[PDB]
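Taking it in order: structure first as structure tokens, then the write-up.
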Amino acid sequence: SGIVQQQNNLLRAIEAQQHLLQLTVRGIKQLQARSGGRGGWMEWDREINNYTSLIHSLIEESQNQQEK
Amino acid sequence: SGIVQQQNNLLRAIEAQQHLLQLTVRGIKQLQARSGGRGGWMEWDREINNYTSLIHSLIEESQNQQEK
Amino acid sequence: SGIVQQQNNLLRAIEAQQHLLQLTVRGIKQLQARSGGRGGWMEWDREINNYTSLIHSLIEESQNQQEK
């Protein structure tokens, strides 16, 4: 412990930041929507999805073997 | 030290990311404002505030006992 | 290793979050643009650039001596 009780907090902070990140993307999405568009943002969405997937995978594997 | 000098950098990076996060939320807010709305975004604001509060608490407790 | 294989994952997660952060800023920028403005957001851009620079520096120095 000690140094380990820190890597848990750092991970909790990252997990929460991700919730803030997904909140701002939703906000941006509703903003593009109500002003036409949303058709040319297809590639933008793809990149967001891909990076969110990579992070979720990173967080899951970190939550995993942190207990051992 | 060594592994500890890393958890300080990782924390500094998280603290700065949070400043970038709060900058984008302000940008989104001024965007919703100048286009009517801002009345139906009450719940959105609540979630943002709550998550920002959780992070600030996480960062503060990490800054704390990192010295010991 | 062990505790170290975690600080690599935590760093990878931060690096990816930064890519998500830069994606949302681009989205916000294209939103301000197509609606006039972008002239009064000069100071906003400055702060974003400065914080992105600080993070890139933090990430680079963390990637560096993590091998030793």
Side-chain angles (χ1 to χ4, degrees), chain A residues 9-53 55-56 59 63, chain B residues 13-63, chain C residues 13-14 16-52 55:
Chain A
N9 284 339
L10 285 178
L11 182 75
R12 286 187 56 92
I14 284 163
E15 294 173 339
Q17 286 209 144
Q18 188 54 213
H19 274 148
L20 244 199
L21 232 355
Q22 276 151 25
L23 278 178
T24 58
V25 168
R26 189 137 71 214
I28 289 168
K29 248 119 121 130
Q30 185 201 350
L31 271 178
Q32 303 168 145
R34 243 201 221 79
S35 64
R38 273 267 103 222
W41 275 295
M42 294 287 94
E43 174 54 26
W44 187 77
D45 290 356
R46 236 207 68 261
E47 305 182 68
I48 297 289
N49 297 161
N50 282 3
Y51 274 112
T52 302
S53 257
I55 303 162
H56 289 6
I59 288 164
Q63 272 170 193
Chain B
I14 284 163
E15 294 173 339
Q17 286 209 144
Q18 188 54 213
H19 274 148
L20 244 199
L21 232 355
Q22 276 151 25
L23 278 178
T24 58
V25 168
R26 189 137 71 214
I28 289 168
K29 248 119 121 130
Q30 185 201 350
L31 271 178
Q32 303 168 145
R34 243 201 221 79
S35 64
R38 273 267 103 222
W41 275 295
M42 294 287 94
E43 174 54 26
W44 187 77
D45 290 356
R46 236 207 68 261
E47 305 182 68
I48 297 289
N49 297 161
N50 282 3
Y51 274 112
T52 302
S53 257
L54 270 40
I55 303 162
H56 289 6
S57 280
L58 251 5
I59 288 164
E60 277 187 275
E61 78 173 278
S62 278
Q63 272 170 193
Chain C
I14 284 163
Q17 286 209 144
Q18 188 54 213
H19 274 148
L20 244 199
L21 232 355
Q22 276 151 25
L23 278 178
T24 58
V25 168
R26 189 137 71 214
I28 289 168
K29 248 119 121 130
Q30 185 201 350
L31 271 178
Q32 303 168 145
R34 243 201 221 79
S35 64
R38 273 267 103 222
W41 275 295
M42 294 287 94
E43 174 54 26
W44 187 77
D45 290 356
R46 236 207 68 261
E47 305 182 68
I48 297 289
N49 297 161
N50 282 3
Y51 274 112
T52 302
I55 303 162

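The chains referred to below are lettered A, B, ... by the order of the sequence lines, with proteins before strands, and numbering in each begins at 1.
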inquiry  = Just verifying a value: how many Å separate B:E15 CD and B:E60 CD, rounded to the nearest 0.5 Å?
reply    = 10.0 Å

request  = Please tell me if the side chains of A:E47 and C:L20 come closer than 4.5 Å, counting only heavy atoms from C-beta onward.
outcome  = no

task = Give, for atom CG of A:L31 and atom CZ of A:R38, the distance between the pair rounded to the nearest 0.5 Å.
result = 10.5 Å

message = To the closest 0.5 Å, what do you measure between NZ (B:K29) and CD (B:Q22)?
response = 10.0 Å

Smallest separation among heavy atoms of C:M42 and C:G39, with atom names = CG-O, 3.0 Å

task = Working to the nearest 0.5 Å, report the span between CD1 of C:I55 and CD1 of C:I14.
result = 10.0 Å

note = Taken to the nearest 0.5 Å, the spacing of C:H19 NE2 from A:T52 OG1 works out to 13.0 Å

request  = Compare all side-chain heavy atoms of C:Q30 with those of A:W41 and state whether any distance is below 4.5 angstrom.
outcome  = yes

request  = Would you give the length of the straight line joining atom CD of B:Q63 to atom CG of A:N9, rounded to the nearest 0.5 angstrom?
outcome  = 11.5 Å

key: Main-chain N/O of A:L23 paired with B:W44 side-chain donor or acceptor, under 3.5 Å   = yes

